[PDB]
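Given as structure tokens, the chain that follows is alone and in the form deposited in one PDB entry.
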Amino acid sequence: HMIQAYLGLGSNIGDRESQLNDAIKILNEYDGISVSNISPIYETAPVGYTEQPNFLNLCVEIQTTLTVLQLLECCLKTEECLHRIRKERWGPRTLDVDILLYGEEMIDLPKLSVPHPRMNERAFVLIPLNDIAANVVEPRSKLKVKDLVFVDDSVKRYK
């Protein structure tokens, strides 16, 4: 039996599209993970530290038998595979894999918050998330993604 989870992927260093593509393939190769839906890719202005490169962002749905901590390990291992060397949270990265939703579960461990606690004010998450999960309930707000998503001109269709 599998639980439905959603991941946010980002890249703003190098050949961003190729790195995201590789990330999806790698994620789909872990035992206990199947990629089951893929959002469109958006080009997005960097949020937070603005003196860094524009991002490509997408969301994916996965079906998984992994626990949320095992899932996190696989997310972090995927980043290592794509040669993420920088670990400054504010700084650029070859690949970022964030757990956005893990069924309707909520957790706020010192080093792990799901639903991702910043997702609701990030167009670069919500726009691609809405593309694939418009009717999914975000458990903190208890609103559907389609009732959270908002227009943002800094988020542009890429692919």
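Residues that one form lacks are left out of the comparison. Heads up, when I say rigid core I mean the largest set of C-alphas that superpose within 1.5 Å between the two forms. Throughout, we count residues from 1 along the sequence that is shown.
The mean C-alpha temperature factor is higher for 28-36 when 28-36 and 97-105 are set side by side.
Per-stretch averaging of Cα B factors for 37-45 and 108-116 places 108-116 on top.
In the PDB entry, the Cα temperature factor peaks, among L56, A133, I127, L66, at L66. When the modelled residues of the chain are ordered by their C-alpha B factor, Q19 lands in the highest third. Annotation for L148: CA B-factor lies in the middle third of the chain's modelled residues.
Per the deposited record, the Cα B-factor of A5 falls in the lowest third when ranked against the other modelled residues of its chain.
Not pictured, yet referred to below: the form deposited in another entry.
In this overlay on the rigid core, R86 has a C-alpha that sits 2 Å or more away from its partner position between this form and the one not shown. Distance between the C-alpha atoms of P92 and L82: shorter in that other deposited form than here (change of 3 Å or more). The distance between the CA atoms of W90 and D15 is at least 3 Å shorter in that other deposited form than in the form shown here.
Once the core is fitted, the segment that moves between this form and the one not shown, counting only runs of three or more residues with each CA displaced by at least 2 angstroms, is 84-93 alone.
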